[PDB]
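The numbers here are math on the coordinates, done by the rules we state, and not lab data. A quick note on method: Cβ atoms are made from the backbone with ideal geometry, for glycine too, and the neighbour counts reach across all protein chains shown.
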Amino acid sequence: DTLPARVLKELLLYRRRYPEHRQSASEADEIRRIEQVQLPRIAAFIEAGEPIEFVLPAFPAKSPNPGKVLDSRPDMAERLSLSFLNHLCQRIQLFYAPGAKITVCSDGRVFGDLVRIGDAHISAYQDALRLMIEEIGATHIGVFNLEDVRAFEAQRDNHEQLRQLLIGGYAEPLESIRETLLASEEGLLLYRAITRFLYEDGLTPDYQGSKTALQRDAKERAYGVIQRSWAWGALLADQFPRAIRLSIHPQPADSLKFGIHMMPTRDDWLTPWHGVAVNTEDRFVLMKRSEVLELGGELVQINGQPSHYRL
């Protein structure tokens, strides 16, 4: 039983695991070391009668590849994910009255030219995501962007200088990012996954260039993206030291970071800004747009805007 263990059991239902560990690695051993890390952290809030804080770096912007997403704006995939996160907080509040809060710590601004989404696109996605939070009626979901960093106030509307403030204060050199990735199984698994997102972002259906050159480009840029994500994470550890650290990547079981799913999906690395919501057998699942078209998915529109597919 135990209030802290009940919170954790609620999260464990939606945990992202490394696909490589699902077939034969022992999930019970993973759970044991998760309990050691997460339980006193959750228990800290409960002992103080305070609401449980979660931090989640996520929802940066849609993939720039028109072959992967329906449009540049948040859609049914974001909508159901944000609604899920809100209901997770409500379920916790059922047994723990002070409840829980999830702050979405958007990393859209942290990347810059590394993922190749312009700052105007990021700002539009940011604004549209907040608006989506309001219309689903989510009250336990907050947003924290790079420009909300109180210490960086003067540079709030100068995006490149914001990025340089994050880098200057919180980034490790690329040589050290690389050394860390090469130090563990999971570091290399991360590096491979981030390379794949970048490569697939560049594989536009209209792309007619070299695939090999695209892969080599992605491999180099993946170090930078990790550097920024880790810098952002480090910044947020000082902003919100006690918060339970959620992630949209699978995480080592000994890590402070806890990977969490937001919609049913086969791919543990897949997130709503890199895919599409799919209605199939009267349930919503998240899939890659190319995969659903191959299965002969039908486009659904709501109002005048592309929304999701159906099977």
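Rg/Rh for the chain (Cα atoms only, Rh after Kirkwood) is 0.94.
Antiparallel beta bridges, as assigned by DSSP with both residues in the chain, represent about 40 percent of the total such bridges.
Listed by chain and number, the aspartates and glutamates placed with their C-alpha closer than 13 angstrom to that of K101 are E50, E53; residues fewer than eight positions away on the same chain are left out.
Computed 3J(HN,Hα) for the range 266-279, one whole-Hz value per residue from the Karplus formula 6.51 cos²θ - 1.76 cosθ + 1.60 where θ = phi - 60°, is 6, 9, 5, 8, 7, 10, x, 7, 10, x, 9, 6, 10, 8, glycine and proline marked x.
Calculate I(q)/I(0) for the range 240-311 by the Debye formula, one identical point scatterer on each C-alpha and no solvent, and give its log10 at q = 0.19, 0.25 Å⁻¹ to two decimals. So the normalised log intensities work out to -0.78, -1.10. How much FRET efficiency would the formula 1/(1 + (r/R0)^6) give for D71 and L256, where r is the Cβ-Cβ distance and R0 is 41 Å, rounded to 0.05? Using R0 = 41 Å, I get an efficiency of 0.75.
Would you mind working out the magnitude of the charge dipole of the chain relative to its Cα centre, with +1 at each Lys and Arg C-beta and -1 at each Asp and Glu C-beta, to the nearest 20 Debye?
280 debye
The slack between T180 and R22, meaning 0.36 nm per residue of separation minus the straight C-alpha distance, is 54.5 nm. Taking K68 as the anchor, which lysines have their alpha carbon closer than 16 Å to its alpha carbon, excluding any fewer than eight residues away along the same chain? Within the straight-line limit of under 16 Å, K68 reaches these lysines: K288. Simple spin-label estimate for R33 and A97 gives 3.9 nm between the two label positions (7 Å along the Cα-to-Cβ direction from each Cα). Taken about its Cα centre, the range 93-206 carries a charge dipole of roughly 260 debye when the Cβ of each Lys and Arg holds +1 and the Cβ of each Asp and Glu holds -1. Using only Cα coordinates, the Kirkwood hydrodynamic radius of the range 142-187 works out to 12.4 Å.
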